[PDB]
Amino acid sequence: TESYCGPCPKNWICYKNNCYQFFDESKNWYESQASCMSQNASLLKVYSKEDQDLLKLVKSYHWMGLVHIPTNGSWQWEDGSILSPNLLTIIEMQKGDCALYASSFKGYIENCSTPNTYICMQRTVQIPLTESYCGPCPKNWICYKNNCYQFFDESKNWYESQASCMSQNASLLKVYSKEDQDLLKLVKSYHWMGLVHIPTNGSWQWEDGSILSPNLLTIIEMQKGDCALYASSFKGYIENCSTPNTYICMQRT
C-alpha cells in the first residue's frame, strides 16, 4: 500500500482515518472533554470494533465520550449520537452518569467528578489539510511518529512470529527509543518482540544485528530461554522461544 495516514495533530496516533491521543494527566470527565475540545477534537467515540481494534490492546481505564441520560435511561455520545449495539458492554461499577473505557471493548460506569486519564479522538476529515501526516505505512496498520505497528492475536512461537512478520515485509517489535515509542506504555499483556539472547556471549541483540542499548528495557527472568516478551513500562520478560504467544510486527529501518 505505502499510504500516508491522513491529517492528524502532531505526534498523534493515526489508525484507519482516525486520530487518537492518550492523556496521562488525570482529570474529571468535564475537564477532560474541555481538554479535547481545546485541541479541536473530543473524547473517544467507539463506533466500530473493526475500524478501532487498536483499542483492544489498551492498558488501564480512561474517560470515554459516553454519557447517561436520567430521564431516558439511555447511553449516548457527547454529540447526541446513539450508542449502537454489538460494540460495548456497560458494567455497573460506580454510581454516576459517565463511563470509563477499558480493553475488550468494556465501559465501566464511573462518577463524572472522579479524576481519570482520558482518550481524545478526532476523524481525519475534520482535521484540516494544513497539518501532520504520519509517515508511510501499510493501509490498516497503526502509525505513531512515523513507525508502523500491528498487533497479532493469533498466538505462535517466536520463530513462527518472525516468519509471520517476514511474510508481510516486516520484523518483530524493536524498541530503540522511549521518547518516540512511548505509545508502548499503554499496551496490555505481553507479546513477542525481536530481542534474542546469545547464550555464549550472554548478550541481548535485535533481529537485525543491533545490540540492546542501555537504560531502554528492564529484563526479568520468567521462563528459561533465549527470547523476550515485551510488557508494559518497558519490560522484557525472558521466555522460551518455543512457547506460543501473541506478537507485534513493525516496519523496519
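Counting begins at 1, following the sequence as shown.
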item: 127-135 versus 171-179 - greater average Cα B-factor per the deposited record; value: 127-135
item: Of 191-199 and 55-63, the stretch whose C-alpha atoms average the higher B-factor in the entry; value: 191-199
item: Peak C-alpha temperature factor (PDB record), options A163, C120, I142, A99; value: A163
item: Residue with maximal Cα B-factor (values as given in the PDB entry) among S104, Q150, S74, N116; value: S74
item: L87 by Cα B-factor - lowest, middle or highest third of the modelled chain; value: middle
item: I220 - Cα temperature factor, lowest/middle/highest third of chain; value: middle
item: Within-chain third of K45 by Cα B-factor, per the entry; value: lowest
item: CA B-factor placement of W204, once the chain's modelled residues are sorted into thirds; value: highest
item: Chain-relative CA temperature factor third for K185; value: lowest
